[PDB]
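Shown next, in structure tokens, is the structure this report addresses.
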Amino acid sequence: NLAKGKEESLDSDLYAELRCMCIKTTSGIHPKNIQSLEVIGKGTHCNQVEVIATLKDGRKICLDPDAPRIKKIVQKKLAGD
């Protein structure tokens, strides 16, 4: 949909999340599949921290910042001695 006629799609129902990049998140991802990830802090129209992971095969998914499982996965990725 090209022109000035939005709101008929999956775009956010929440004013505070109008500019968030993620619609939802993916579970069951393994640290080994992750090539890199970006942690984005809260912004003007996105009151949620977002975690966008790029998998080794190029797939991009969002991860739940609050999932103890995800916090562990990020910790795992950070380690590498």
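Sequence positions for chain A are given in Swiss-Prot numbering; the residues included correspond to 44-124, in order.
The backbone N, Cα and C atoms fix where each Cβ goes, and this holds for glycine too.
Per Swiss-Prot, the features are:
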type: DISULFID; residues: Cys63-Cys89; note: disulfide bond
type: DISULFID; residues: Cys65-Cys105; note: disulfide bond
Local backbone state of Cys65 (disulfide bond), from DSSP in three classes: coil
Neighbour count (Cβ, 10 Å) for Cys105 (disulfide bond): 19
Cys105 (disulfide bond) in three-state DSSP notation: strand
